[PDB]
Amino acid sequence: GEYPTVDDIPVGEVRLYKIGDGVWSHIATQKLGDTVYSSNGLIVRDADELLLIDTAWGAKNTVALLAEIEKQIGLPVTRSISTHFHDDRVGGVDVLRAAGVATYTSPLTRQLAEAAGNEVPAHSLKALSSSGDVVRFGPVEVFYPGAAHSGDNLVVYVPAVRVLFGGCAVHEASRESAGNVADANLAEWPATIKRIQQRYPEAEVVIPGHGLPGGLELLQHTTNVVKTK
């Protein structure tokens, strides 16, 4: 049906949304002040297991995520990748570890998470240290396009179905400001977007870290938003 939003996900709950064959997004919320915010991750089937991209933004939500996955898909999450060091990506890693998931991210993300006092995935993805680096991981590619929203942000591509999870380096269409730039590299963000555009020219779906999925237009949209400043 319609992509889940803060206006229709019951409080405390996590939703899944089917994106294509063997690929779902997960959507969770975290109210701060008067505004309820949502956050997206990904789930990708591989053989008879699941690969998780990002936590559901905190321990409580991540427990609910695992329960929703069991209810709706019924296959075990065996590995996860966090796409940068913020709480919407690693908050809940200890829940994943308790559930027997092998948790991964880049070495830089582990370092930044440790410095921030955030939860830290247990394992490093090697050969992701330089912009342009890419590695295969089961049914996905993991690409480090360079600094943008954060110094460490990764994107994840599902080649079989042309789905790009852009994460927080990519803004949703309705967003016209960059939001939280405390860890951002605004100078490098446009070049980082260009690397993503050049690497994944056939992507059919682009999923931002927050908000509605779109297509490749979200990439240039993000650059446009960055240019404001």
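One rule holds for the numbers: they count along the sequence shown, beginning at 1.
- Higher mean CA temperature factor between 28-36 and 52-60: 28-36, per the PDB entry.
- With 150-158 and 123-131 compared on mean CA B-factor from the PDB entry, the stretch scoring higher is 123-131.
- When the CA B factors of the chain's modelled residues are split into thirds, the value for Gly214 lands in the middle one.
- When all modelled residues of the chain are sorted by CA temperature factor, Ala178 is found within the highest third.
- The entry lists a Cα temperature factor for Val44 that places it in the lowest third of the chain's modelled residues.
- In the deposited entry, the Cα temperature factor of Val163 places it in the lowest third of its chain's modelled residues.
- Compared with the other modelled residues of the chain, the Cα B-factor recorded for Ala187 ranks in the highest third.
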